[PDB]
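To start, the structure itself, in structure tokens.
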Amino acid sequence: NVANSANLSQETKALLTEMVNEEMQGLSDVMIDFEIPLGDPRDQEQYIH
Amino acid sequence: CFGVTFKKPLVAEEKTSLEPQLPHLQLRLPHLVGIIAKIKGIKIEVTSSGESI
Ligand SMILES: *[C@@H]1O[C@H](CO)[C@@H](O[C@@H]2O[C@H](CO)[C@@H](O)[C@H](O)[C@H]2NC(C)=O)[C@H](O)[C@H]1NC(C)=O
Numbered sequence: 177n178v179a180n181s182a183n184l185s186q187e188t189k190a191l192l193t194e195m196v197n198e199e200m201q202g203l204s205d206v207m208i209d210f211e212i213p214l215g216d217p218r219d220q221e222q223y224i225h
Numbered sequence: 837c838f839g840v841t842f843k844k845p846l847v848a849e850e851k852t853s854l855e856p857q858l859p860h861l862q863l864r865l866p867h868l869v870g871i872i873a874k875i876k877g878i879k880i881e882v883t884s885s886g887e888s889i
């Protein structure tokens, strides 16, 4: 979306993806990636799924 | 009900997309390749003097 809004020319696109990747990796290096509880602990069908 | 008032639960949008605004520099040198192409084809014509005479 950012590339289309601007007028990147197939060489500044690689300069943008690099920055996005490094920033997102820096953010992802300190997050544990768990799941949010939403239902009931007793139920077996959700856990099986 | 009783003294307390109850309000409906609010629905939430599942996803959002970020499209930030970007400044427009509006440079004019780019997309001027046609002028360079015109410069390439000058095509000066010189005829030998004395060959005819
Ligand atoms: C990328 O290029 C497009 C097309 O040249 C630019 O869109 C133009 O923007 C000007 C200024 O707002 C408008 O007057 C034109 O009508 C737009 N044209 C089109 C086809 O949308 C766009 O601004 C450029 N992006 C950047 C960041 O400069």
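Protein chains in written order, with the entry's author numbering: chain A, 177 to 225; chain E, 837 to 889.
Just so you know, even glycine gets a beta-carbon here, dropped at the ideal spot from N, CA and C.
For residue i, does the three-state DSSP call read helix, strand or coil?
i                      : result
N177 of chain A        : coil
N183 of chain A        : coil
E855 of chain E        : coil
residue 247 of chain A : Residue numbering for chain A in the displayed model covers 177 to 225; residue 247 of chain A lies beyond these limits and cannot be assessed.
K876 of chain E        : helix
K189 of chain A        : helix
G202 of chain A        : helix
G870 of chain E        : helix
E849 of chain E        : coil
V196 of chain A        : helix
Can you list, in chain order, the residues of its chain with a C-beta nearer than 7 Å to that of residue i? Leave out the 5 residues immediately preceding and following it.
i               : result
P213 of chain A : none
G202 of chain A : none
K874 of chain E : none
Leaving aside the five residues before and after residue i along the sequence, list all residues of the same chain whose C-beta is less than 6 Å from its C-beta, in chain order.
i               : result
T193 of chain A : none
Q222 of chain A : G215
Determine, using beta-carbon pairs with one atom in the stretch 854 to 874 of chain E and one in the stretch 178 to 189 of chain A, whether at least three such pairs fall under 8 Å.
Yes: at least three Cβ pairs fall under 8 Å.
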